[PDB]
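See structure below.
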Amino acid sequence: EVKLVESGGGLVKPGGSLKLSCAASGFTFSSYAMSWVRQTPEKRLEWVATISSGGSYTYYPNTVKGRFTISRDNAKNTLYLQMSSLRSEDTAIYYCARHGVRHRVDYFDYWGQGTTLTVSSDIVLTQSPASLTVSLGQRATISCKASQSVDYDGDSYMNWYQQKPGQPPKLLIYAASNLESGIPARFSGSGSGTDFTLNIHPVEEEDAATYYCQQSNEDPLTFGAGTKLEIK
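Per the entry's author numbering: the sequence shown = residues 3 to 122, 138 to 249.
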(Lines of atoms letter the chains of each structure in order from A; the text may use other names.)
(Lines give C-alpha, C1' and ligand atoms only; values in the text may rest on other atoms or scores of the structure.)
Protein backbone atom coordinates (compact mmCIF):
# COMPACT_ATOMS: atom_id res chain seq x y z
CA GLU A 3 0.00 0.00 0.00
CA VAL A 4 2.97 2.27 0.67
CA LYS A 5 4.52 3.40 -2.59
CA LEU A 6 7.22 5.80 -3.70
CA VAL A 7 7.36 6.75 -7.36
CA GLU A 8 10.43 8.60 -8.66
CA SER A 9 10.50 10.59 -11.87
CA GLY A 10 12.76 13.04 -13.68
CA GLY A 11 15.77 10.97 -14.60
CA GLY A 12 17.57 11.39 -17.91
CA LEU A 13 20.74 12.50 -19.66
CA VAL A 14 22.57 15.70 -18.70
CA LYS A 15 25.68 17.44 -20.04
CA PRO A 16 28.36 18.07 -17.39
CA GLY A 17 27.69 21.36 -15.58
CA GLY A 18 23.97 21.06 -16.23
CA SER A 19 21.21 20.65 -13.70
CA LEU A 20 18.35 18.22 -13.08
CA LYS A 21 15.47 17.89 -10.63
CA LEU A 22 14.18 14.52 -9.42
CA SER A 23 10.76 14.03 -7.81
CA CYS A 24 9.26 11.27 -5.69
CA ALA A 25 5.49 11.04 -5.28
CA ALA A 26 4.63 9.37 -2.00
CA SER A 27 1.37 7.65 -1.12
CA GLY A 28 -0.16 5.13 1.25
CA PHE A 29 1.33 6.68 4.36
CA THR A 30 1.55 9.88 6.38
CA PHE A 31 4.45 11.49 4.47
CA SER A 32 5.06 14.31 6.94
CA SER A 33 5.86 11.83 9.72
CA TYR A 34 8.96 10.32 8.08
CA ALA A 35 12.53 11.44 7.37
CA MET A 36 13.42 10.79 3.71
CA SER A 37 16.64 10.18 1.81
CA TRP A 38 18.01 9.92 -1.66
CA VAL A 39 20.39 7.00 -2.23
CA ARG A 40 22.15 6.34 -5.50
CA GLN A 41 23.68 3.24 -7.06
CA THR A 42 26.71 3.80 -9.34
CA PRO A 43 27.44 1.80 -12.53
CA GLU A 44 29.92 -0.17 -10.38
CA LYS A 45 26.95 -1.19 -8.16
CA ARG A 46 28.15 0.83 -5.12
CA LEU A 47 25.34 2.23 -3.01
CA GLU A 48 26.01 5.83 -1.97
CA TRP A 49 23.88 7.94 0.33
CA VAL A 50 23.14 11.30 -1.30
CA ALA A 51 20.96 13.33 1.07
CA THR A 52 18.59 13.22 4.03
CA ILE A 53 15.80 15.61 5.02
CA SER A 54 14.00 15.54 8.37
CA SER A 55 10.25 14.91 8.66
CA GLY A 56 9.47 18.63 9.05
CA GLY A 57 12.12 19.81 6.59
CA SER A 58 14.23 21.83 9.00
CA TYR A 59 17.25 19.59 8.75
CA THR A 60 19.07 18.50 5.63
CA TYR A 61 22.24 16.46 5.47
CA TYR A 62 24.68 15.72 2.63
CA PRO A 63 27.98 13.94 2.09
CA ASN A 64 30.85 16.21 1.02
CA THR A 65 30.78 14.73 -2.48
CA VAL A 66 27.49 16.54 -3.31
CA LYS A 67 27.42 19.32 -0.70
CA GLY A 68 26.72 22.66 -2.34
CA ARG A 69 25.51 21.04 -5.59
CA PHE A 70 22.48 19.04 -4.42
CA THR A 71 19.44 20.31 -2.57
CA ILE A 72 16.94 17.95 -1.02
CA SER A 73 13.53 19.40 -0.18
CA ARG A 74 9.96 18.29 0.50
CA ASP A 75 6.35 19.40 0.17
CA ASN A 76 4.37 17.79 3.00
CA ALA A 77 1.13 19.18 1.56
CA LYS A 78 1.73 17.54 -1.83
CA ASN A 79 3.38 14.39 -0.44
CA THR A 80 6.38 14.97 -2.71
CA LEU A 81 10.13 14.70 -2.16
CA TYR A 82 12.64 16.52 -4.38
CA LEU A 83 16.30 16.42 -5.31
CA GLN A 84 17.60 19.45 -7.16
CA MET A 85 20.96 18.71 -8.75
CA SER A 86 23.36 21.19 -10.29
CA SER A 87 26.95 21.35 -11.53
CA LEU A 88 26.50 17.69 -12.45
CA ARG A 89 29.66 15.64 -13.03
CA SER A 90 30.50 12.20 -14.45
CA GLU A 91 30.67 10.69 -10.94
CA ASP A 92 27.03 11.57 -10.39
CA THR A 93 25.98 8.98 -12.98
CA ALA A 94 23.77 6.51 -11.09
CA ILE A 95 20.33 5.12 -10.46
CA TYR A 96 18.74 7.40 -7.85
CA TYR A 97 16.28 5.99 -5.30
CA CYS A 98 14.18 7.71 -2.68
CA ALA A 99 13.99 5.86 0.60
CA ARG A 100 11.87 6.27 3.70
CA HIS A 101 13.46 6.15 7.17
CA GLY A 102 11.43 3.65 9.20
CA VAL A 103 10.04 4.49 12.67
CA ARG A 104 8.94 1.00 13.84
CA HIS A 105 12.31 0.41 15.51
CA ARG A 106 14.75 2.59 17.47
CA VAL A 107 17.64 2.18 15.06
CA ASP A 108 17.71 4.13 11.80
CA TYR A 109 17.05 2.09 8.63
CA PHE A 110 15.45 2.37 5.17
CA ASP A 111 12.23 0.37 4.93
CA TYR A 112 10.54 1.49 1.68
CA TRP A 113 12.29 2.42 -1.57
CA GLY A 114 11.13 3.86 -4.88
CA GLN A 115 11.82 2.06 -8.17
CA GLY A 116 14.59 4.49 -9.07
CA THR A 117 15.28 6.89 -11.94
CA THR A 118 18.51 6.97 -13.84
CA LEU A 119 20.83 9.92 -14.24
CA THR A 120 23.47 9.78 -16.92
CA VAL A 121 25.93 12.65 -17.08
CA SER A 122 27.79 13.01 -20.37
CA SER A 138 36.70 9.77 9.90
CA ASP A 139 33.84 8.44 7.77
CA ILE A 140 32.89 4.93 8.86
CA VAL A 141 34.23 2.49 6.27
CA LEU A 142 32.45 -0.86 6.00
CA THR A 143 34.64 -3.67 4.72
CA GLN A 144 32.34 -6.38 3.40
CA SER A 145 33.54 -9.80 2.35
CA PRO A 146 33.63 -11.84 0.32
CA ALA A 147 32.92 -9.63 -2.71
CA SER A 148 31.71 -12.68 -4.57
CA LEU A 149 29.98 -15.81 -3.30
CA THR A 150 28.72 -18.96 -5.01
CA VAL A 151 26.70 -21.46 -2.99
CA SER A 152 24.88 -24.66 -3.82
CA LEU A 153 21.20 -24.98 -3.08
CA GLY A 154 20.59 -26.03 0.53
CA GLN A 155 24.01 -24.87 1.73
CA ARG A 156 24.92 -21.92 3.98
CA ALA A 157 26.09 -18.46 2.91
CA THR A 158 27.99 -16.22 5.31
CA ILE A 159 28.67 -12.56 4.57
CA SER A 160 30.88 -10.47 6.84
CA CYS A 161 31.09 -6.76 7.68
CA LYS A 162 34.13 -5.29 9.37
CA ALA A 163 33.45 -1.65 10.37
CA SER A 164 36.34 0.82 10.75
CA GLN A 165 34.93 1.98 14.08
CA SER A 166 32.15 0.78 16.43
CA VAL A 167 28.64 1.45 15.15
CA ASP A 168 27.08 1.07 18.59
CA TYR A 169 25.04 3.82 20.21
CA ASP A 170 23.66 3.50 23.78
CA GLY A 171 23.42 -0.30 23.65
CA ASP A 172 22.22 -0.86 20.05
CA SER A 173 24.23 -1.66 16.90
CA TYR A 174 23.28 0.60 13.98
CA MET A 175 23.95 -2.01 11.32
CA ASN A 176 21.44 -3.05 8.62
CA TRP A 177 21.47 -5.60 5.82
CA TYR A 178 19.82 -5.21 2.42
CA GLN A 179 19.08 -7.58 -0.44
CA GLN A 180 18.98 -6.29 -4.00
CA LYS A 181 17.86 -8.18 -7.10
CA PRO A 182 18.75 -6.59 -10.48
CA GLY A 183 16.35 -3.92 -11.77
CA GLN A 184 14.82 -3.60 -8.29
CA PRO A 185 15.60 -1.33 -5.30
CA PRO A 186 17.33 -2.69 -2.19
CA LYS A 187 15.18 -4.56 0.29
CA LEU A 188 15.72 -4.45 4.06
CA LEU A 189 16.44 -7.90 5.57
CA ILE A 190 17.95 -7.16 8.97
CA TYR A 191 17.92 -4.00 11.10
CA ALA A 192 19.94 -3.21 14.24
CA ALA A 193 22.38 -6.06 13.49
CA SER A 194 20.18 -8.91 14.73
CA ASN A 195 16.56 -8.22 13.97
CA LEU A 196 14.54 -9.80 11.17
CA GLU A 197 12.32 -7.36 9.29
CA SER A 198 8.63 -8.37 9.01
CA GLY A 199 7.97 -10.61 6.03
CA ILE A 200 11.55 -11.85 5.72
CA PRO A 201 12.02 -15.62 6.08
CA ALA A 202 13.90 -16.97 9.09
CA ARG A 203 16.67 -18.56 7.06
CA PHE A 204 18.10 -15.04 7.07
CA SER A 205 19.79 -14.06 10.32
CA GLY A 206 22.16 -11.35 11.44
CA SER A 207 24.73 -11.23 14.19
CA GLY A 208 27.41 -9.09 15.78
CA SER A 209 28.14 -5.91 17.66
CA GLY A 210 30.77 -3.15 17.81
CA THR A 211 32.69 -3.57 14.52
CA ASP A 212 32.10 -7.18 13.46
CA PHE A 213 28.89 -8.31 11.83
CA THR A 214 27.59 -11.31 9.96
CA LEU A 215 24.67 -11.91 7.63
CA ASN A 216 23.79 -15.59 7.46
CA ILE A 217 21.63 -17.39 4.93
CA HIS A 218 20.76 -21.05 5.50
CA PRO A 219 19.50 -23.05 3.76
CA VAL A 220 20.06 -21.00 0.60
CA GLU A 221 17.12 -21.16 -1.81
CA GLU A 222 17.02 -20.36 -5.52
CA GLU A 223 15.46 -16.92 -5.06
CA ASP A 224 18.30 -15.79 -2.77
CA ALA A 225 20.46 -15.01 -5.79
CA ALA A 226 21.07 -11.28 -5.36
CA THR A 227 23.56 -8.69 -4.23
CA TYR A 228 23.70 -8.08 -0.47
CA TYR A 229 24.77 -4.85 1.26
CA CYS A 230 25.55 -3.86 4.83
CA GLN A 231 24.86 -0.29 5.92
CA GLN A 232 25.63 1.69 9.06
CA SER A 233 23.29 4.43 10.34
CA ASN A 234 25.40 5.28 13.36
CA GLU A 235 26.84 8.49 11.87
CA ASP A 236 26.57 10.77 8.83
CA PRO A 237 27.57 10.14 6.16
CA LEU A 238 25.54 6.95 6.03
CA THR A 239 27.80 4.36 4.38
CA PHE A 240 27.36 0.98 2.71
CA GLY A 241 29.61 -2.01 2.21
CA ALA A 242 30.75 -2.60 -1.38
CA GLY A 243 28.35 -5.51 -1.77
CA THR A 244 28.41 -9.29 -2.05
CA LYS A 245 27.05 -10.86 -5.21
CA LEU A 246 25.52 -14.20 -4.32
CA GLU A 247 25.19 -16.80 -7.06
CA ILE A 248 23.52 -20.22 -6.86
CA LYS A 249 24.55 -23.73 -8.10
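Note that the Cβ used here is the ideal one computed from N, Cα and C, for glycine as well.
Counting C-beta pairs with one atom in each stretch, the region 154–170 and the region 210–217 have three or more that are closer than 8 Å, which means they touch.
Residue environment for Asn-176: buried (at least 16 other C-beta atoms within 10 angstroms of its C-beta). Between the region 81–89 and the region 15–23 there are three or more inter-stretch CB-CB distances shorter than 8 Å, so the stretches are counted as touching. Taking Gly-28 as reference, the option from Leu-6, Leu-142, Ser-58, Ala-51 with the minimal CA-CA separation is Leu-6.
Taking all protein chains in view, the Cβ of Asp-236 is surrounded by fewer than 16 other Cβ atoms within 10 Å, so the residue is classified as exposed. Closest by C-alpha distance to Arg-89, out of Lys-15, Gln-115, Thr-150, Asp-139, is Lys-15.
At a cut-off of 3 residues, the continuous stretches assigned as beta strand (DSSP E) that sit fully inside the region 148–230 are 148–151, 157–163, 175–180, 187–191, 204–209, 212–217.
Within the DSSP secondary-structure output, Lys-5 pairs in a beta bridge with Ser-27.
Three or more beta-carbon pairs separated by less than 8 Å link the region 222–231 to the region 171–187, which places the two stretches in contact. Close CB contacts of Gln-155 within its chain, under the 6 Å cut and outside five residues either way in sequence, are with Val-220 (chain order).
Boundaries for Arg-69: no beta strand (DSSP E) harbours it, and the DSSP string shows neither H nor E there. The residue from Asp-224, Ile-248, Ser-166, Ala-202 with its alpha-carbon nearest to that of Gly-208 is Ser-166.
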